[PDB]
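In what follows, a single structure is set out as structure tokens and then discussed.
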Amino acid sequence: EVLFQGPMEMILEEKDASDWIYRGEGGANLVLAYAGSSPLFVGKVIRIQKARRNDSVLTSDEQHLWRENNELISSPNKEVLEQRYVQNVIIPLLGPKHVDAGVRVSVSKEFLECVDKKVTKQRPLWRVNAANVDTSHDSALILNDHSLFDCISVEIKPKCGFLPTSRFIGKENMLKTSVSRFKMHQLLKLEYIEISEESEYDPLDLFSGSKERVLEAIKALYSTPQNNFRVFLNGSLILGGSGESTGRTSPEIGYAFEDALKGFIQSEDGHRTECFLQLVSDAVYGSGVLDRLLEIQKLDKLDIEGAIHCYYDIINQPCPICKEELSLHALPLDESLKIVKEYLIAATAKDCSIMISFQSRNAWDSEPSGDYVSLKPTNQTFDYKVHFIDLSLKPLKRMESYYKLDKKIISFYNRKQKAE
Ligand SMILES: O=P(O)(O)O[C@H]1[C@H](OP(=O)(O)O)[C@H](OP(=O)(O)O)[C@@H](OP(=O)(O)O)[C@H](OP(=O)(O)O)[C@H]1OP(=O)(O)O
Ligand SMILES: Nc1ncnc2c1ncn2[C@@H]1O[C@H](COP(=O)(O)OP(=O)(O)O)[C@@H](O)[C@H]1O
Ligand SMILES: [Mg+2]
Ligand SMILES: [Mg+2]
Ligand SMILES: [Zn+2]
């Protein structure tokens, strides 16, 4: 026998940084995959928060809003919040099967700064302009790298795949009930130069439940990936934009990708991509994962056009939008909470993403499994995982900014359609 320190919360010192590599990133988090050898972190990624350079856990109204869970609102810092929110809110609605909720790790302000320097190269100019890494969390989250187990993993950020029916949408905003917000949004994204090409994808095809509308969706995506489609080869990008959105696939990158699916997809040159896509579509349609998700999203029972009102009650500030419908203000404050919390929850579900791993059975290391795909026209069997990512809680305050963003979306669409 020998004597060792008692147990202690691991801490990531200013030396472990060179173990991590740039993965991707959103508006809210950094993500780096693991390159070092320590068994603990192998097959893991670190999700490190950043700070918009114009910047306690929960505001007073957010405490009351999420109060139905004492452990949640009493979160020290945002990693526990992130943990408890997936743990006691999301998985109840979503099921633990396709979420792999996260583990905290302490980190030194020095470690962060080291990662911050190490990625800036791989990061997109305007992401560097808009946010460095937030070097005053003590913590960060470690997750299973949902592109591992050759392993081909594809990521789909579906967005909201239903159309509202609220009695509070106005005649003028009548389009909102027949055009997905995603399509209209695209117009506003084009005017602001954030894409080059209106995207072929319509999340209605994905959330339709038609094994045939879904393949169109997956076909659309590969065509115009923007920032909703990504395909990896063992932790590397091969289709999609890294940390950002990317222009329509071209003849040159489709012929590059194509010659990449070599030896994973077994089909003659110029046939693998149409195969790979059938595979993705069938993983998505077969796993049924996309269904329960669209149930969460539909906790938007009133659309932001009606929900904003309940928001102004919550924060007990007189309602701007009204102009002298009591109906929504005459609610008991308790009911007005439920709509806004269910709104926020729904927001988590429209902004989340799906990762799908693959292990071809044409490789001898094949650990079979009851979730798999048999791709009829090449005779290959593929075992696959489907997991969620970016189930972050959203701030009560984005409500106001949500309403404004909606207004501009349906105002601007109405516009370009009046032209004709
Ligand atoms: O950058 P991404 O990783 O893609 O995600 C960003 C936002 O996430 P946050 O980082 O939490 O803000 C996301 O959710 P929000 O927080 O706004 O609810 C937005 O969705 P929407 O605004 O609701 O439509 C995104 O817009 P679309 O991707 O076009 O949906 C995008 O905004 P950006 O372009 O300014 O970064
Ligand atoms: N657990 C994970 N496994 C593999 N890739 C991930 C994981 N988490 C995030 N990523 C990748 O890094 C990106 C970071 O985004 P995300 O974690 O959703 O934070 P944000 O709030 O910034 O959108 C994702 O779009 C995803 O492709
Ligand atoms: Mg994201
Ligand atoms: Mg997020
Ligand atoms: Zn009102």
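Would you please give the residues with an amide H less than 5 Å from that of residue 132, counting only those at least 5 places away or on a separate chain, with H modeled from the backbone geometry?
Here 51, 53 satisfy the definition.
For residue 269 paired with residue 106, estimate the spin-label separation in nm (one decimal), with each label point 7 Å from Cα along the Cα-to-Cβ line.
Between residue 269 and residue 106, the simple spin-label model gives 5.8 nm.
Tell me, what ³J(HN,Hα) does each residue in region 234-240 have, in order and in whole Hz, if you take phi through Karplus 6.51 cos²θ - 1.76 cosθ + 1.60 with θ = phi - 60° and put x for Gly and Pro?
6, x, 10, 7, 9, 9, x
Considering only 370, 266, 162, whose Cα is most displaced toward the positive end of the charge dipole of the chain, charges sitting on Cβ of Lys, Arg (+1) and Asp, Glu (-1)?
Going by the charge dipole, the pick is 162.
Zone of residue 38 (label point 7 Å along Cα→Cβ, backbone N under 14 Å): which residues in region 113-150?
115, 139-143
State which entries of 189/416; 211/301; 50/338; 157/189; 159/183; 118/157 exceed 18 angstrom in Cα-Cα distance in the structure shown.
Those over the limit are 211/301; 50/338; 118/157.
Which whole-Hz ³J(HN,Hα) couplings does region 244-261 yield from phi under the Karplus relation 6.51 cos²θ - 1.76 cosθ + 1.60, θ = phi - 60°, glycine and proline marked x?
Using θ = phi - 60°, the values come out as 6, 8, 9, x, 1, 4, 10, x, 6, 7, x, 6, 6, 3, 2, 5, 8, 5 Hz.
I need the calculated FRET efficiency for the pair residue 117 and residue 61, taking r as the beta carbon distance and R₀ as 41 Å, to the nearest 0.05.
It comes out at approximately 0.65.
Based on alpha-carbon centroids, what's the gap between region 322-363 and region 1-21 in Å, whole number please?
Taking the Cα centre of each part, region 322-363 and region 1-21 sit 38 Å apart.
May I ask you to derive the FRET efficiency for residue 93 and residue 407 from their Cβ-Cβ distance with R0 = 30 Å, giving the value to the nearest 0.05?
With a Förster radius of 30 Å, E is 0.55.
Report, in debye and to the nearest 20, how large the dipole of the chain comes out about its Cα centre when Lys and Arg carry +1 and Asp and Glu carry -1 on their Cβ.
In total the dipole reaches around 1020 debye.
For residue 230, which sequence-distant residues (separation of 5 or more, or a different chain) have an amide H within less than 5 Å of its own amide H, given hydrogens modelled in the peptide plane?
HN-HN under 5 Å from residue 230: 155.
Taking the beta-carbon count within 10 Å as an exposure proxy, list 66, 364 from fewest neighbours to most.
Least crowded to most crowded, the residues run 364, 66.
Applying the Karplus parametrisation 6.51 cos²θ - 1.76 cosθ + 1.60 with θ = phi - 60° to the phi angles of region 13-27, what ³J(HN,Hα) value in whole Hz is obtained for each residue in order, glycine and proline being reported as x?
Along region 13-27, the couplings run 7, 4, 10, 6, 4, 4, 7, 10, 9, 5, 9, x, 4, x, x Hz.
Please flag any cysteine in the chain that has no other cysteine's Cβ under 4.7 angstrom from its own Cβ.
Isolated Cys, the chain: 114, 151, 160, 275, 310, 352.
Taking amide hydrogens as modeled 1.01 Å from N in the peptide plane, which residues meet the under 5 Å criterion relative to residue 380, leaving out close sequence neighbours?
375
For an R0 of 56 angstrom, estimate the FRET efficiency from the Cβ-Cβ distance between residue 174 and residue 15 and round to the nearest 0.05.
0.40
Please give, to one decimal in nm, the separation of the simple spin-label points placed at residue 325 and residue 369, each 7 Å out from Cα toward the Cβ.
Roughly 4.6 nm, to one decimal.
When we count neighbours, we look across all protein chains shown, and the Cβ atoms used for this are built from the backbone with ideal geometry, even at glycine. The numbers here are math on the coordinates, done by the rules we state, and not lab data.
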